[PDB]
Amino acid sequence: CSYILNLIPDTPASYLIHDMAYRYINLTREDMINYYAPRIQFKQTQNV
Amino acid sequence: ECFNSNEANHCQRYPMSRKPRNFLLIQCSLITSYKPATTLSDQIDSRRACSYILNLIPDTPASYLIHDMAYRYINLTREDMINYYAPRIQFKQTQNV
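Rules used throughout
- Residues numbered from 1 in each chain as written, not as in the entry; some residues may be left out.
- Chains lettered and ligands numbered in written order.
- Part of a larger assembly, values for the part shown.
- Heavy atoms only, no water.
- Helix = DSSP H or I, 4+ residues; strand = E, 2+ residues; numbered from the N terminus.
- Buried < 20%, exposed > 50% of the residue type's maximum accessible area, 1.4 Å probe, protein only.
- Core = buried A, V, L, I, M, F, W, Y, C linked by side-chain atoms within 4.5 Å.
- Contact = heavy atoms within 4.5 Å.
- Salt bridge = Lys/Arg side-chain N within 4 Å of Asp/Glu carboxyl O.
- Nonpolar A, V, L, I, M, F, W, Y, C, P; charged D, E, K, R; others polar.
- Disulfide = S-S within 2.5 Å.

Header annotation of the entry names cryo-EM as the structure determination method and lists the resolution as 3.6 Å.

The following block contains the structure:
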């Protein structure tokens, strides 16, 4: 995501690429913890 | 002899300390030539620098503030970034900048 945020999109697919990388980089710590957590410990959050 | 005697007197007069305080007011490093910074290069370098900062894990409160401010910079809207680097002649008030 850090690498993607440097580039400048030129095509709609590239624009979606940039938007999704931005959305990933803008996720809260609890969201990131539950994002990589197994379903046994997984808890519902606002984004993940 | 005078230097040694005055060293002894100086050590007697003041309390000792074990932490030599800072002198380098701006710590920095270079490996290559330096090109004078322009506004376009400033924008590019700020983007790359925030990307580099977002990879690290802070350990101290100053590092935590560093990470928070880099995150806030990377989370600025396009109009905000345009007005951030714009001269006051074309500058217009926004929500963040």
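Caption draft 1: A look at the overall build of chain A. If you tally the helices and strands in chain A, you get 3 helices and 0 strands. Overall, chain A shows an N-to-C arrangement of helices and strands of α-α-α. In terms of its C-alpha atoms, chain A occupies a principal-axis envelope of roughly 40 × 15 × 15 Å. Taken across its 48 residues, chain A has 25% of its residues classed as buried.

Caption draft 2: Examining the nonpolar core more closely. Counting 10 residues, the largest nonpolar core is built from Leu5(A), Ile25(A), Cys50(B), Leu54(B), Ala70(B), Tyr73(B), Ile74(B), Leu76(B), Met81(B) and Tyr85(B). Elements supplying a minimum of two residues to this core: α2 (39–55) and α3 (61–74) of chain B. The leading source of residues in this core is α3(B), at 3 residues. Setting aside chain neighbours within four positions, we find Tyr73(B) in contact with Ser46(B), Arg47(B), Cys50(B), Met81(B), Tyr84(B) and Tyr85(B).

Caption draft 3: Structural view of the interface of chain B and chain A. Counting residues at the interface gives 7 residues for chain B and 7 residues for chain A. Inspection of the region where chain B meets chain A yields 0 salt bridges. Among the elements that make up the side of chain B that touches chain A, the one with the highest residue count is α2(B) (3 residues). Partitioning the side of chain B that touches chain A into residue classes produces 4 nonpolar, 2 polar and 1 charged.

Caption draft 4: Focus on the state of the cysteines. All names here are of chain B. For the coordinates displayed, the defined rule picks out 0 disulfides over all chains. Considering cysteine sulfurs only, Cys11 is the nearest to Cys2, which forms no disulfide, with 15 Å between them. According to the relative accessible area criterion, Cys2 is exposed, its value standing at 55%.

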